[PDB]
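data_23.pdb (PDB, C-alpha atoms and all ligand atoms)
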ATOM      1  CA  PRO A 107       0.000   0.000   0.000  1.00  0.00           C
ATOM      2  CA  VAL A 108       0.937   3.527  -0.895  1.00  0.00           C
ATOM      3  CA  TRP A 109      -0.796   6.818  -0.414  1.00  0.00           C
ATOM      4  CA  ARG A 110      -3.640   7.022  -2.998  1.00  0.00           C
ATOM      5  CA  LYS A 111      -3.256  10.759  -3.418  1.00  0.00           C
ATOM      6  CA  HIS A 112      -0.277  13.017  -4.038  1.00  0.00           C
ATOM      7  CA  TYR A 113      -1.284  15.870  -1.692  1.00  0.00           C
ATOM      8  CA  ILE A 114      -0.195  14.561   1.713  1.00  0.00           C
ATOM      9  CA  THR A 115      -0.485  16.546   4.949  1.00  0.00           C
ATOM     10  CA  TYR A 116       1.657  16.394   8.085  1.00  0.00           C
ATOM     11  CA  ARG A 117       1.531  17.868  11.551  1.00  0.00           C
ATOM     12  CA  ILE A 118       3.997  18.261  14.351  1.00  0.00           C
ATOM     13  CA  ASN A 119       2.072  16.981  17.339  1.00  0.00           C
ATOM     14  CA  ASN A 120       4.719  18.196  19.852  1.00  0.00           C
ATOM     15  CA  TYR A 121       8.211  19.517  19.998  1.00  0.00           C
ATOM     16  CA  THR A 122      11.346  18.088  21.423  1.00  0.00           C
ATOM     17  CA  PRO A 123      12.974  20.279  24.046  1.00  0.00           C
ATOM     18  CA  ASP A 124      16.388  19.325  22.516  1.00  0.00           C
ATOM     19  CA  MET A 125      16.378  21.898  19.692  1.00  0.00           C
ATOM     20  CA  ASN A 126      14.828  25.219  18.897  1.00  0.00           C
ATOM     21  CA  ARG A 127      11.357  24.796  17.381  1.00  0.00           C
ATOM     22  CA  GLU A 128      12.457  26.691  14.279  1.00  0.00           C
ATOM     23  CA  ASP A 129      15.108  24.043  13.715  1.00  0.00           C
ATOM     24  CA  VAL A 130      12.657  21.137  14.207  1.00  0.00           C
ATOM     25  CA  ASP A 131      10.305  22.724  11.649  1.00  0.00           C
ATOM     26  CA  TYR A 132      13.112  23.177   9.225  1.00  0.00           C
ATOM     27  CA  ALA A 133      14.556  19.694   9.515  1.00  0.00           C
ATOM     28  CA  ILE A 134      11.020  18.143   9.034  1.00  0.00           C
ATOM     29  CA  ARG A 135      10.103  20.399   6.186  1.00  0.00           C
ATOM     30  CA  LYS A 136      13.407  19.682   4.400  1.00  0.00           C
ATOM     31  CA  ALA A 137      13.058  15.925   4.938  1.00  0.00           C
ATOM     32  CA  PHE A 138       9.650  15.977   3.096  1.00  0.00           C
ATOM     33  CA  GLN A 139      11.349  17.985   0.406  1.00  0.00           C
ATOM     34  CA  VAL A 140      13.964  15.330  -0.215  1.00  0.00           C
ATOM     35  CA  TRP A 141      11.026  12.978  -1.165  1.00  0.00           C
ATOM     36  CA  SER A 142       8.846  15.551  -3.017  1.00  0.00           C
ATOM     37  CA  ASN A 143      11.853  16.492  -5.124  1.00  0.00           C
ATOM     38  CA  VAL A 144      11.992  13.036  -6.789  1.00  0.00           C
ATOM     39  CA  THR A 145       8.234  12.200  -6.901  1.00  0.00           C
ATOM     40  CA  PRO A 146       4.867  13.868  -7.733  1.00  0.00           C
ATOM     41  CA  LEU A 147       4.147  14.007  -3.965  1.00  0.00           C
ATOM     42  CA  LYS A 148       3.274  17.409  -2.424  1.00  0.00           C
ATOM     43  CA  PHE A 149       3.666  17.779   1.340  1.00  0.00           C
ATOM     44  CA  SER A 150       1.795  20.455   3.341  1.00  0.00           C
ATOM     45  CA  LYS A 151       2.209  21.285   6.935  1.00  0.00           C
ATOM     46  CA  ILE A 152      -1.139  21.898   8.685  1.00  0.00           C
ATOM     47  CA  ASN A 153      -1.651  23.230  12.252  1.00  0.00           C
ATOM     48  CA  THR A 154      -5.153  22.021  12.890  1.00  0.00           C
ATOM     49  CA  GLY A 155      -7.327  18.964  12.178  1.00  0.00           C
ATOM     50  CA  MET A 156      -6.111  15.438  11.311  1.00  0.00           C
ATOM     51  CA  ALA A 157      -2.978  15.181   9.174  1.00  0.00           C
ATOM     52  CA  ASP A 158      -2.062  12.134   7.156  1.00  0.00           C
ATOM     53  CA  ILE A 159       1.367  12.015   8.789  1.00  0.00           C
ATOM     54  CA  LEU A 160       1.590  12.846  12.495  1.00  0.00           C
ATOM     55  CA  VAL A 161       5.066  13.701  13.665  1.00  0.00           C
ATOM     56  CA  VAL A 162       5.493  12.792  17.391  1.00  0.00           C
ATOM     57  CA  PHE A 163       8.458  12.979  19.867  1.00  0.00           C
ATOM     58  CA  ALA A 164       7.849  10.561  22.731  1.00  0.00           C
ATOM     59  CA  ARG A 165       9.707   8.313  25.140  1.00  0.00           C
ATOM     60  CA  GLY A 166       9.103   4.812  26.291  1.00  0.00           C
ATOM     61  CA  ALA A 167       5.553   3.542  25.925  1.00  0.00           C
ATOM     62  CA  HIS A 168       3.373   5.988  24.044  1.00  0.00           C
ATOM     63  CA  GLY A 169       0.100   4.359  23.146  1.00  0.00           C
ATOM     64  CA  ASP A 170       0.775   2.399  19.908  1.00  0.00           C
ATOM     65  CA  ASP A 171       2.146  -0.960  21.339  1.00  0.00           C
ATOM     66  CA  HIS A 172       5.738  -0.186  20.179  1.00  0.00           C
ATOM     67  CA  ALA A 173       7.365   1.301  23.307  1.00  0.00           C
ATOM     68  CA  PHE A 174      10.705   3.053  22.812  1.00  0.00           C
ATOM     69  CA  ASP A 175      13.741   1.820  24.677  1.00  0.00           C
ATOM     70  CA  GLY A 176      15.667   4.699  26.296  1.00  0.00           C
ATOM     71  CA  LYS A 177      18.765   6.248  24.838  1.00  0.00           C
ATOM     72  CA  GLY A 178      20.370   4.331  22.027  1.00  0.00           C
ATOM     73  CA  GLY A 179      18.920   1.301  20.198  1.00  0.00           C
ATOM     74  CA  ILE A 180      15.703   2.286  18.471  1.00  0.00           C
ATOM     75  CA  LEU A 181      15.882   5.960  17.480  1.00  0.00           C
ATOM     76  CA  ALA A 182      12.499   6.217  15.836  1.00  0.00           C
ATOM     77  CA  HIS A 183       9.911   4.428  13.821  1.00  0.00           C
ATOM     78  CA  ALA A 184       7.100   5.108  11.388  1.00  0.00           C
ATOM     79  CA  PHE A 185       3.984   3.274  10.127  1.00  0.00           C
ATOM     80  CA  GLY A 186       3.275   2.479   6.443  1.00  0.00           C
ATOM     81  CA  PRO A 187       0.520   4.215   4.327  1.00  0.00           C
ATOM     82  CA  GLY A 188      -2.860   3.828   6.030  1.00  0.00           C
ATOM     83  CA  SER A 189      -5.578   5.706   7.938  1.00  0.00           C
ATOM     84  CA  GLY A 190      -5.189   6.619  11.610  1.00  0.00           C
ATOM     85  CA  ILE A 191      -1.744   5.612  12.892  1.00  0.00           C
ATOM     86  CA  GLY A 192      -0.561   4.794   9.394  1.00  0.00           C
ATOM     87  CA  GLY A 193       2.037   7.181   8.052  1.00  0.00           C
ATOM     88  CA  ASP A 194       2.685   8.527  11.583  1.00  0.00           C
ATOM     89  CA  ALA A 195       6.385   9.103  12.323  1.00  0.00           C
ATOM     90  CA  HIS A 196       7.599   8.908  15.933  1.00  0.00           C
ATOM     91  CA  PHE A 197      10.902   9.917  17.368  1.00  0.00           C
ATOM     92  CA  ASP A 198      12.285   8.624  20.619  1.00  0.00           C
ATOM     93  CA  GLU A 199      12.557  11.640  22.887  1.00  0.00           C
ATOM     94  CA  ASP A 200      15.204   9.852  24.973  1.00  0.00           C
ATOM     95  CA  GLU A 201      17.634  10.507  22.054  1.00  0.00           C
ATOM     96  CA  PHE A 202      19.348  13.830  21.856  1.00  0.00           C
ATOM     97  CA  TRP A 203      18.116  15.472  18.633  1.00  0.00           C
ATOM     98  CA  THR A 204      20.444  17.951  16.855  1.00  0.00           C
ATOM     99  CA  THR A 205      20.527  20.060  13.697  1.00  0.00           C
ATOM    100  CA  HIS A 206      23.977  18.709  12.870  1.00  0.00           C
ATOM    101  CA  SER A 207      26.174  15.995  14.453  1.00  0.00           C
ATOM    102  CA  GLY A 208      26.738  15.452  18.172  1.00  0.00           C
ATOM    103  CA  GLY A 209      23.630  13.467  19.101  1.00  0.00           C
ATOM    104  CA  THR A 210      21.134  12.050  16.675  1.00  0.00           C
ATOM    105  CA  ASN A 211      20.450  14.080  13.590  1.00  0.00           C
ATOM    106  CA  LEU A 212      16.783  14.836  13.265  1.00  0.00           C
ATOM    107  CA  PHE A 213      16.909  15.669   9.569  1.00  0.00           C
ATOM    108  CA  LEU A 214      18.572  12.430   8.505  1.00  0.00           C
ATOM    109  CA  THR A 215      16.357  10.341  10.805  1.00  0.00           C
ATOM    110  CA  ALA A 216      13.295  12.122   9.547  1.00  0.00           C
ATOM    111  CA  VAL A 217      14.144  11.428   5.841  1.00  0.00           C
ATOM    112  CA  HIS A 218      14.421   7.683   6.616  1.00  0.00           C
ATOM    113  CA  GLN A 219      11.169   7.550   8.659  1.00  0.00           C
ATOM    114  CA  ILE A 220       9.293   9.570   6.043  1.00  0.00           C
ATOM    115  CA  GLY A 221      10.468   6.846   3.661  1.00  0.00           C
ATOM    116  CA  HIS A 222       8.739   4.220   5.768  1.00  0.00           C
ATOM    117  CA  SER A 223       5.756   6.582   6.166  1.00  0.00           C
ATOM    118  CA  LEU A 224       5.525   6.552   2.308  1.00  0.00           C
ATOM    119  CA  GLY A 225       5.776   2.746   2.116  1.00  0.00           C
ATOM    120  CA  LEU A 226       9.503   2.126   1.705  1.00  0.00           C
ATOM    121  CA  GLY A 227      11.356  -0.816   3.071  1.00  0.00           C
ATOM    122  CA  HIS A 228      15.103  -0.992   3.544  1.00  0.00           C
ATOM    123  CA  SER A 229      18.080  -0.804   1.229  1.00  0.00           C
ATOM    124  CA  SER A 230      21.243  -2.819   1.161  1.00  0.00           C
ATOM    125  CA  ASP A 231      23.275   0.234   0.021  1.00  0.00           C
ATOM    126  CA  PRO A 232      25.147   1.897   2.924  1.00  0.00           C
ATOM    127  CA  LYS A 233      24.829   5.067   0.773  1.00  0.00           C
ATOM    128  CA  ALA A 234      21.036   4.718   0.868  1.00  0.00           C
ATOM    129  CA  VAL A 235      18.992   6.921   3.171  1.00  0.00           C
ATOM    130  CA  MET A 236      16.813   3.752   3.647  1.00  0.00           C
ATOM    131  CA  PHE A 237      19.827   1.776   4.890  1.00  0.00           C
ATOM    132  CA  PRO A 238      18.736   0.301   8.260  1.00  0.00           C
ATOM    133  CA  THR A 239      21.702   1.670  10.317  1.00  0.00           C
ATOM    134  CA  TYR A 240      22.042   5.315  11.376  1.00  0.00           C
ATOM    135  CA  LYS A 241      25.281   7.128  10.809  1.00  0.00           C
ATOM    136  CA  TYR A 242      25.974  10.816  10.461  1.00  0.00           C
ATOM    137  CA  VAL A 243      26.654  11.762   6.861  1.00  0.00           C
ATOM    138  CA  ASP A 244      27.560  15.182   5.520  1.00  0.00           C
ATOM    139  CA  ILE A 245      24.207  17.044   5.205  1.00  0.00           C
ATOM    140  CA  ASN A 246      25.878  19.486   2.885  1.00  0.00           C
ATOM    141  CA  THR A 247      26.413  16.621   0.306  1.00  0.00           C
ATOM    142  CA  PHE A 248      23.303  14.661   1.291  1.00  0.00           C
ATOM    143  CA  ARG A 249      21.429  13.155  -1.647  1.00  0.00           C
ATOM    144  CA  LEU A 250      19.181  10.125  -2.114  1.00  0.00           C
ATOM    145  CA  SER A 251      21.098   7.176  -3.593  1.00  0.00           C
ATOM    146  CA  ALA A 252      19.783   5.508  -6.795  1.00  0.00           C
ATOM    147  CA  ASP A 253      18.337   2.644  -4.709  1.00  0.00           C
ATOM    148  CA  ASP A 254      16.175   5.127  -2.748  1.00  0.00           C
ATOM    149  CA  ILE A 255      15.053   6.867  -5.956  1.00  0.00           C
ATOM    150  CA  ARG A 256      13.991   3.701  -7.843  1.00  0.00           C
ATOM    151  CA  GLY A 257      12.224   2.440  -4.738  1.00  0.00           C
ATOM    152  CA  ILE A 258      10.207   5.548  -4.229  1.00  0.00           C
ATOM    153  CA  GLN A 259       9.487   5.947  -7.985  1.00  0.00           C
ATOM    154  CA  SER A 260       8.296   2.400  -8.236  1.00  0.00           C
ATOM    155  CA  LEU A 261       5.759   3.457  -5.586  1.00  0.00           C
ATOM    156  CA  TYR A 262       4.738   6.985  -6.822  1.00  0.00           C
ATOM    157  CA  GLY A 263       6.494   7.885 -10.119  1.00  0.00           C
TER     158      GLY A 263
HETATM  159  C1  LIG B 301      14.701  -8.545   7.394  1.00  0.00           C
HETATM  160  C2  LIG B 301      14.179  -7.718   8.533  1.00  0.00           C
HETATM  161  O1  LIG B 301      13.295  -8.167   9.251  1.00  0.00           O
HETATM  162  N1  LIG B 301      14.599  -6.448   8.613  1.00  0.00           N
HETATM  163  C3  LIG B 301      13.724  -5.427   9.194  1.00  0.00           C
HETATM  164  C4  LIG B 301      12.950  -4.853   7.996  1.00  0.00           C
HETATM  165  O2  LIG B 301      12.247  -5.879   7.278  1.00  0.00           O
HETATM  166  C5  LIG B 301      11.935  -3.757   8.365  1.00  0.00           C
HETATM  167  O3  LIG B 301      11.916  -2.792   7.294  1.00  0.00           O
HETATM  168  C6  LIG B 301      12.151  -3.048   9.730  1.00  0.00           C
HETATM  169  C7  LIG B 301      10.913  -3.220  10.628  1.00  0.00           C
HETATM  170  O4  LIG B 301      11.129  -2.716  11.957  1.00  0.00           O
HETATM  171  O5  LIG B 301      13.276  -3.486  10.521  1.00  0.00           O
HETATM  172  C8  LIG B 301      14.349  -4.221   9.913  1.00  0.00           C
HETATM  173  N2  LIG B 301      15.357  -4.450  10.945  1.00  0.00           N
HETATM  174  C9  LIG B 301      15.860  -3.440  11.693  1.00  0.00           C
HETATM  175  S1  LIG B 301      17.144  -3.736  12.518  1.00  0.00           S
HETATM  176  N3  LIG B 301      15.354  -2.183  11.693  1.00  0.00           N
HETATM  177  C10 LIG B 301      15.951  -0.984  12.307  1.00  0.00           C
HETATM  178  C11 LIG B 301      15.186  -0.516  13.541  1.00  0.00           C
HETATM  179  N4  LIG B 301      14.825   0.928  13.416  1.00  0.00           N
HETATM  180  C12 LIG B 301      13.525   1.037  12.685  1.00  0.00           C
HETATM  181  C13 LIG B 301      13.545   1.966  11.525  1.00  0.00           C
HETATM  182  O6  LIG B 301      14.205   1.478  10.658  1.00  0.00           O
HETATM  183  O7  LIG B 301      12.957   3.076  11.367  1.00  0.00           O
HETATM  184  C14 LIG B 301      12.208   1.147  13.452  1.00  0.00           C
HETATM  185  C15 LIG B 301      11.150   0.416  12.590  1.00  0.00           C
HETATM  186  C16 LIG B 301      12.165   0.626  14.898  1.00  0.00           C
HETATM  187  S2  LIG B 301      15.785   2.004  14.004  1.00  0.00           S
HETATM  188  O8  LIG B 301      15.212   2.689  15.107  1.00  0.00           O
HETATM  189  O9  LIG B 301      16.894   1.255  14.541  1.00  0.00           O
HETATM  190  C17 LIG B 301      16.405   3.094  12.977  1.00  0.00           C
HETATM  191  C18 LIG B 301      17.501   2.725  12.214  1.00  0.00           C
HETATM  192  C19 LIG B 301      18.098   3.607  11.322  1.00  0.00           C
HETATM  193  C20 LIG B 301      17.631   4.912  11.191  1.00  0.00           C
HETATM  194  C21 LIG B 301      18.264   5.818  10.208  1.00  0.00           C
HETATM  195  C22 LIG B 301      18.353   7.185  10.429  1.00  0.00           C
HETATM  196  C23 LIG B 301      18.935   7.997   9.444  1.00  0.00           C
HETATM  197  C24 LIG B 301      19.440   7.468   8.266  1.00  0.00           C
HETATM  198  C25 LIG B 301      19.346   6.111   8.048  1.00  0.00           C
HETATM  199  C26 LIG B 301      18.758   5.304   9.007  1.00  0.00           C
HETATM  200  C27 LIG B 301      16.548   5.320  11.972  1.00  0.00           C
HETATM  201  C28 LIG B 301      15.943   4.410  12.853  1.00  0.00           C
HETATM  202 CA    CA B 302      16.050   4.729  21.907  1.00  0.00          CA
HETATM  203 CA    CA B 303      -1.771   8.834   9.946  1.00  0.00          CA
HETATM  204 CA    CA B 304      15.660  14.287  23.954  1.00  0.00          CA
HETATM  205 ZN    ZN B 305       5.269   4.900  18.189  1.00  0.00          ZN
HETATM  206 ZN    ZN B 306      14.046   1.934   8.821  1.00  0.00          ZN
END
Can the structure from this file be put into C-alpha cells for me?
Amino acid sequence: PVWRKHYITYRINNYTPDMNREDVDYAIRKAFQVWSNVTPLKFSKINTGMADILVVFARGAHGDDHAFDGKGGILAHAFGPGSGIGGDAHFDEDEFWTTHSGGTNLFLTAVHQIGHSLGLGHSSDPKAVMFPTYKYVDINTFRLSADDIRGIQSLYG
C-alpha cells in the first residue's frame, strides 16, 4: 500500500525540548522535500485537524504498542501508508536530537522515517537513506542514492 493521493499533509504533534522549534520545523520540512523532489508528492504542513502524517516525539511507551527503549537502540519508527496511525512518524525523545552531528540528527532520521511513512522498506546500500543503520553523513552533500530513488518511484512515479 501507498498513499492514494499526491497531496499529503503532516503535523507536528509536539516539539522536542532538545532543539529550537524553528530548527525542528526546518529539519522536518526539508526531509519531506527530499522525497517531493523526486516524486509527484506534495507535502503540506497543517496546524489544525487530522494530518495524514503525524510527527510525534515521545519516550518509552506511548500508546501504539511499540514502546521506545531509552537512549540508544531504536531511534524512531514510522507506520506504512494507512488511515489513523498509518504514516505517523515517531521519534524517541530519549535521544538527543540535533541540527547537525553530536547526538542524533533529526533531519537524517526524519528522511528515513518519512520513507517508511511513504511505504519504503530498507536498502542494502550503505549510501542509501533507507539503509537500516544510522550514521551521520555530511548534510551538505546529502542526496538520495539511486536505490532510494527507484524504490520511491516504483511506488509513486
Ligand atoms: C529482514 C528484517 O526483518 N529487517 C527489518 C525490515 O524488514 C523492516 O523494514 C524493519 C521493521 O522494523 O526493521 C528491519 N530491521 C531493523 S534492525 N530495523 C531498524 C530498527 N529501526 C527502525 C527503523 O528502521 O525506522 C524502526 C522500525 C524501529 S531504528 O530505530 O533502529 C532506525 C535505524 C536507522 C535509522 C536511520 C536514520 C537515518 C538514516 C538512516 C537510518 C533510523 C531508525
Ligand atoms: Ca532509543
Ligand atoms: Ca496517519
Ligand atoms: Ca531528547
Ligand atoms: Zn510509536
Ligand atoms: Zn528503517
field: Target residues per the PyMOL selection byres (((chain A and resi 109-126) around 7) and not hetatm), formatted as a VMD selection string
entry: chain A and resid 107 to 108 127 to 130 146 to 153 157 to 163 187 199 202 to 204 224
task: One decimal, Å: what's the distance from atom CA of residue 261 of chain A over to atom CA of residue 226 of chain A, could you say?
output: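 Straight-line distance from atom CA of residue 261 of chain A to atom CA of residue 226 of chain A works out to 8.3 Å.
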- request: Quote the spacing between atom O3 of ligand LIG 301 (chain B) and atom CA of residue 255 of chain A in Å to one decimal place.
  value: 16.7 Å
Selected residue, from A:174, A:141, A:185, A:197, that lies nearest to ligand CA 304 (chain B) when counting all atoms listed in the file: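 Of all the options, A:197 lies closest to ligand CA 304 (chain B).
Atom CA of residue 216 of chain A sits 11.7 Å away from atom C14 of ligand LIG 301 (chain B).
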task: Could you tell me which residues the PyMOL selection byres (((chain A and resi 228) around 10) and not hetatm) returns for this structure, as a ChimeraX atom specification?
output: /A:218,221-222,226-227,229-231,234-239,253-254,257
Quick one: contact table of chain A to ligand ZN 305 (chain B), 10 Å max, nearest atom pair and distance in Å to one decimal per residue, counting all atoms listed in the file, chain and number order, as JSON lines?
{"residue": "A:161", "atom": "CA", "partner": "B:ZN305", "partner_atom": "ZN", "distance": 9.9}
{"residue": "A:162", "atom": "CA", "partner": "B:ZN305", "partner_atom": "ZN", "distance": 7.9}
{"residue": "A:163", "atom": "CA", "partner": "B:ZN305", "partner_atom": "ZN", "distance": 8.8}
{"residue": "A:164", "atom": "CA", "partner": "B:ZN305", "partner_atom": "ZN", "distance": 7.7}
{"residue": "A:165", "atom": "CA", "partner": "B:ZN305", "partner_atom": "ZN", "distance": 8.9}
{"residue": "A:166", "atom": "CA", "partner": "B:ZN305", "partner_atom": "ZN", "distance": 9.0}
{"residue": "A:167", "atom": "CA", "partner": "B:ZN305", "partner_atom": "ZN", "distance": 7.9}
{"residue": "A:168", "atom": "CA", "partner": "B:ZN305", "partner_atom": "ZN", "distance": 6.2}
{"residue": "A:169", "atom": "CA", "partner": "B:ZN305", "partner_atom": "ZN", "distance": 7.2}
{"residue": "A:170", "atom": "CA", "partner": "B:ZN305", "partner_atom": "ZN", "distance": 5.4}
{"residue": "A:171", "atom": "CA", "partner": "B:ZN305", "partner_atom": "ZN", "distance": 7.3}
{"residue": "A:172", "atom": "CA", "partner": "B:ZN305", "partner_atom": "ZN", "distance": 5.5}
{"residue": "A:173", "atom": "CA", "partner": "B:ZN305", "partner_atom": "ZN", "distance": 6.6}
{"residue": "A:174", "atom": "CA", "partner": "B:ZN305", "partner_atom": "ZN", "distance": 7.4}
{"residue": "A:182", "atom": "CA", "partner": "B:ZN305", "partner_atom": "ZN", "distance": 7.7}
{"residue": "A:183", "atom": "CA", "partner": "B:ZN305", "partner_atom": "ZN", "distance": 6.4}
{"residue": "A:184", "atom": "CA", "partner": "B:ZN305", "partner_atom": "ZN", "distance": 7.0}
{"residue": "A:185", "atom": "CA", "partner": "B:ZN305", "partner_atom": "ZN", "distance": 8.3}
{"residue": "A:191", "atom": "CA", "partner": "B:ZN305", "partner_atom": "ZN", "distance": 8.8}
{"residue": "A:194", "atom": "CA", "partner": "B:ZN305", "partner_atom": "ZN", "distance": 8.0}
{"residue": "A:195", "atom": "CA", "partner": "B:ZN305", "partner_atom": "ZN", "distance": 7.3}
{"residue": "A:196", "atom": "CA", "partner": "B:ZN305", "partner_atom": "ZN", "distance": 5.2}
{"residue": "A:197", "atom": "CA", "partner": "B:ZN305", "partner_atom": "ZN", "distance": 7.6}
{"residue": "A:198", "atom": "CA", "partner": "B:ZN305", "partner_atom": "ZN", "distance": 8.3}
message: What residues of the protein or nucleic acid chains come within 7 Å of ligand CA 302 (chain B) when you use all atoms listed in the file? Reply as a PyMOL selection string.
response: chain A and resi 174-181+198+200-201
message: Taking all atoms listed in the file into account, name the residue in A:246, A:223, A:215, A:210 that is nearest to ligand CA 304 (chain B).
response: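 So, comparing all the options, the nearest one is A:210.
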Report the centre and edge lengths, in Å to one decimal, of an axis-aligned box enclosing every atom of ligand LIG 301 (chain B) listed in the file, padded by 8 Å on each side, as lines of an AutoDock Vina configuration file.
center_x = 15.2
center_y = -0.3
center_z = 11.2
size_x = 24.5
size_y = 32.5
size_z = 23.8
Nearest to ligand CA 303 (chain B) by atom-to-atom distance, counting only C-alpha atoms and all ligand atoms, from A:247, A:189, A:219, A:259: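 Among the listed residues, A:189 lies closest to ligand CA 303 (chain B).
The residue that comes closest to residue 134 of chain A, out of A:262, A:252, A:244, A:213 and on the basis of all atoms listed in the file, is A:213.
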- line: Using only C-alpha atoms and all ligand atoms, the shortest atom-to-atom distance to ligand CA 303 (chain B) among A:225, A:208, A:190, A:263 belongs to A:190
Where atoms are absent from segment 213-229 of chain A, fill them in so it carries N, CA and C atoms, then output it as a PDB file, in the frame of the given file.
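In the end it all went to part22.pdb:
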ATOM      1  N   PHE A 213      17.134  15.593  10.987  1.00  0.00           N
ATOM      2  CA  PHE A 213      16.909  15.669   9.569  1.00  0.00           C
ATOM      3  C   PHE A 213      17.093  14.321   8.875  1.00  0.00           C
ATOM      4  N   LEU A 214      18.292  13.774   9.029  1.00  0.00           N
ATOM      5  CA  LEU A 214      18.572  12.430   8.505  1.00  0.00           C
ATOM      6  C   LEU A 214      17.569  11.309   9.001  1.00  0.00           C
ATOM      7  N   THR A 215      17.295  11.293  10.300  1.00  0.00           N
ATOM      8  CA  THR A 215      16.357  10.341  10.805  1.00  0.00           C
ATOM      9  C   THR A 215      14.981  10.523  10.214  1.00  0.00           C
ATOM     10  N   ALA A 216      14.510  11.789  10.120  1.00  0.00           N
ATOM     11  CA  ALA A 216      13.295  12.122   9.547  1.00  0.00           C
ATOM     12  C   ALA A 216      13.173  11.700   8.101  1.00  0.00           C
ATOM     13  N   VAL A 217      14.218  11.860   7.247  1.00  0.00           N
ATOM     14  CA  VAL A 217      14.144  11.428   5.841  1.00  0.00           C
ATOM     15  C   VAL A 217      13.861   9.954   5.743  1.00  0.00           C
ATOM     16  N   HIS A 218      14.650   9.184   6.491  1.00  0.00           N
ATOM     17  CA  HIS A 218      14.421   7.683   6.616  1.00  0.00           C
ATOM     18  C   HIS A 218      12.994   7.285   7.043  1.00  0.00           C
ATOM     19  N   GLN A 219      12.555   7.847   8.157  1.00  0.00           N
ATOM     20  CA  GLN A 219      11.169   7.550   8.659  1.00  0.00           C
ATOM     21  C   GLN A 219      10.085   7.912   7.670  1.00  0.00           C
ATOM     22  N   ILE A 220      10.269   9.078   7.015  1.00  0.00           N
ATOM     23  CA  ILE A 220       9.293   9.570   6.043  1.00  0.00           C
ATOM     24  C   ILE A 220       9.228   8.558   4.909  1.00  0.00           C
ATOM     25  N   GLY A 221      10.371   7.937   4.585  1.00  0.00           N
ATOM     26  CA  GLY A 221      10.468   6.846   3.661  1.00  0.00           C
ATOM     27  C   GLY A 221       9.606   5.651   4.024  1.00  0.00           C
ATOM     28  N   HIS A 222       9.687   5.220   5.285  1.00  0.00           N
ATOM     29  CA  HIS A 222       8.739   4.220   5.768  1.00  0.00           C
ATOM     30  C   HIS A 222       7.300   4.797   5.747  1.00  0.00           C
ATOM     31  N   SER A 223       7.100   6.042   6.195  1.00  0.00           N
ATOM     32  CA  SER A 223       5.756   6.582   6.166  1.00  0.00           C
ATOM     33  C   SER A 223       5.141   6.546   4.742  1.00  0.00           C
ATOM     34  N   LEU A 224       5.994   6.573   3.699  1.00  0.00           N
ATOM     35  CA  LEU A 224       5.525   6.552   2.308  1.00  0.00           C
ATOM     36  C   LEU A 224       5.386   5.166   1.759  1.00  0.00           C
ATOM     37  N   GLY A 225       5.856   4.180   2.511  1.00  0.00           N
ATOM     38  CA  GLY A 225       5.776   2.746   2.116  1.00  0.00           C
ATOM     39  C   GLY A 225       7.109   2.098   1.753  1.00  0.00           C
ATOM     40  N   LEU A 226       8.234   2.765   1.962  1.00  0.00           N
ATOM     41  CA  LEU A 226       9.503   2.126   1.705  1.00  0.00           C
ATOM     42  C   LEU A 226       9.931   1.146   2.776  1.00  0.00           C
ATOM     43  N   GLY A 227      10.672   0.172   2.274  1.00  0.00           N
ATOM     44  CA  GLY A 227      11.356  -0.816   3.071  1.00  0.00           C
ATOM     45  C   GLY A 227      12.790  -0.389   3.006  1.00  0.00           C
ATOM     46  N   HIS A 228      13.691  -1.312   3.333  1.00  0.00           N
ATOM     47  CA  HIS A 228      15.103  -0.992   3.544  1.00  0.00           C
ATOM     48  C   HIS A 228      15.960  -1.309   2.301  1.00  0.00           C
ATOM     49  N   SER A 229      17.150  -0.755   2.303  1.00  0.00           N
ATOM     50  CA  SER A 229      18.080  -0.804   1.229  1.00  0.00           C
ATOM     51  C   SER A 229      19.334  -1.457   1.737  1.00  0.00           C
TER      52      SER A 229
END
